[PDB]
Amino acid sequence: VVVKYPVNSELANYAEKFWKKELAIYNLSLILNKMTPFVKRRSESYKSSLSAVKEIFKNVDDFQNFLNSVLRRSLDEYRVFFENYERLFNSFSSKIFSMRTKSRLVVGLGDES
RNA sequence: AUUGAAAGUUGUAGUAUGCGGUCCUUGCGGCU
């Protein structure tokens, strides 16, 4: 499918390669927010919604796997972050507890995008 | 041929000491 990236000249070709899995990217929010694909869905109509972006991939499952594959590459750095976060908690003698999502969770659904 | 002649309001001196832009606030509702 035809995809266009309205960013600076040299970034546009790299963003193309990232979304096409021709080049590895290690930051999820970066590729999502600053390298938004504008997908030529039909005619001269370009779209930047997740519904249109999904067409860059074989299927919904392929799209999901890509996102999480990018996400997971921060694991090593995130572990140190989470450990310092726990150290932060205990320095303030915090009441620490863990809970699990019982259903789907979406915080910040309405952030302008 | 005068109450006249002569005489630097100058010298020294930190607008400074104390003081959290903070507190209260579910990016959500379902509409156009």
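Only heavy atoms go into these numbers, but all of them, side chains included; no hydrogens, no water, no symmetry mates. Each chain gets a letter, A, B and so on, in the order its sequence line appears, and its residues count up from 1.
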In whole angstrom, give me the gap between the P atoms of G11(B) and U15(B). 16 Å
Distance, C1' atom - from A5(B) to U9(B), rounded to whole angstrom: 22 Å
Are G11(B) and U10(B) stacked, with six-ring centres under 5.5 Å and planes under 30°? yes
Considering just the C1'-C2'-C3'-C4' torsion, please state whether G8(B) has a north or south sugar. south
Where the sugar of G4(B) falls when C1'-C2'-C3'-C4' decides north versus south: north
Looking only at heavy atoms, the pair that brings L71(A) and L28(A) closest together is CG-CD2, 3.7 Å
Hey, does the base of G20(B) sit stacked on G21(B), as in ring centres below 5.5 Å and plane angle below 30°? no
Throw together a table of side-chain donor-acceptor distances under 3.5 angstrom for residues 88-98 of chain A, partners on residues two or more places apart or in other chains.
{"unit_1": "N90(A)", "atom_1": "ND2", "unit_2": "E86(A)", "atom_2": "O", "d": "2.8"}
{"unit_1": "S91(A)", "atom_1": "OG", "unit_2": "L88(A)", "atom_2": "O", "d": "2.6"}
{"unit_1": "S94(A)", "atom_1": "OG", "unit_2": "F89(A)", "atom_2": "O", "d": "2.6"}

Furanose pucker, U12(B), classified by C1'-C2'-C3'-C4': north
Return the value, rounded to whole Å, for the distance between atom CG of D111(A) and atom P of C28(B). 8 Å
What pucker, north or south, follows for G27(B) from the sign of the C1'-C2'-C3'-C4' torsion? south
Establish, yes or no, whether a centroid distance under 6.0 Å links the rings of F57(A) and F63(A). yes
Side-chain heavy atoms of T36(A) within contact of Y5(A), under 4.5 Å: no
How would the sugar of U17(B) be described, north or south, if a positive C1'-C2'-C3'-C4' means north and a negative one means south? north
